[PDB]
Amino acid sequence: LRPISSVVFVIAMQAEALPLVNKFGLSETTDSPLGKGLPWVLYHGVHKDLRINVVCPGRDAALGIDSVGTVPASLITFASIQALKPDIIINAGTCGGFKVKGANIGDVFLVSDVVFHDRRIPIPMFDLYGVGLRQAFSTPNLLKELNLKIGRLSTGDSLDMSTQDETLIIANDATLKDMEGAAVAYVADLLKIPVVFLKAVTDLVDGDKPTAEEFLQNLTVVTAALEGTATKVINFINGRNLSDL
């Protein structure tokens, strides 16, 4: 095969992208290559053997909060793949974790496989489709070298967790809970692009703090840990082919 030459990061919140942007000296795109009048942000750069791009769903028109959730993440994954034809996608972001599954605040996890906990369609065939079980691209050398934790990720468009959500998340044996991962994998699967995840724990879903409060409290520090890992991930990938990880 050929060495990986192009990597796209899909990152939901702009402050989580920014340190990575600055670290690799990436520039904000000016020519709206993913479509006109869109709030989306793309940062581009060439670093050693890798073209590097980072896409975010951008600041919402009303208030400028990050356009989080499965739909915007799915849109930018699709558009950036079609526009750039990367070798690999990395969906980097924050997530909730389970203490009983070994998750701690500030851990940056790799993901083995990914599901939805909030697409409940109680009809055969549709049920499995809804769950949308998908495997992350195998990166055994990356995991070993960086000494990263790993677990199943469960995706849904809510930050909190209803009773029904929790039953499905426990049943699927997830270590991690986010708001976009499985939608990224659906699009990547559709377009035959390998996908890796980097999910950084801001809050303990089985813990003694409310989710929204804990997430907001740890966001700044955990973002920094996520940048430290994503940086190492980029350097590791440089000059390797997909077989090497």
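Rigid core here is just the name for the largest C-alpha set that superposes within 1.5 Å across the two forms. Numbers follow the displayed sequence, beginning with 1.
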item	value
More shifted region, core-based fit in 4 other deposited structures of this protein, 11-19 vs 217-225 by CA	217-225
Outlying stretch relative to shown form, 52-60 versus 203-211 in 4 other deposited structures of this protein, C-alpha RMS (core)	203-211
Between 236-244 and 4-12 (mean CA B-factor, as deposited), the higher	236-244
Per the entry, higher mean C-alpha B factor between 198-206 and 44-52	44-52
Highest recorded Cα temperature factor - choice among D127, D157, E145, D165	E145
Among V187, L176, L34, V68 - the residue whose C-alpha B-factor is largest in the record	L34
Lowest, middle or highest third - CA B-factor, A182	lowest
Ranked C-alpha temperature factor of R134 among modelled chain residues, by third	middle
Position of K99 among the chain's modelled residues by C-alpha B-factor, lowest, middle or highest third	highest
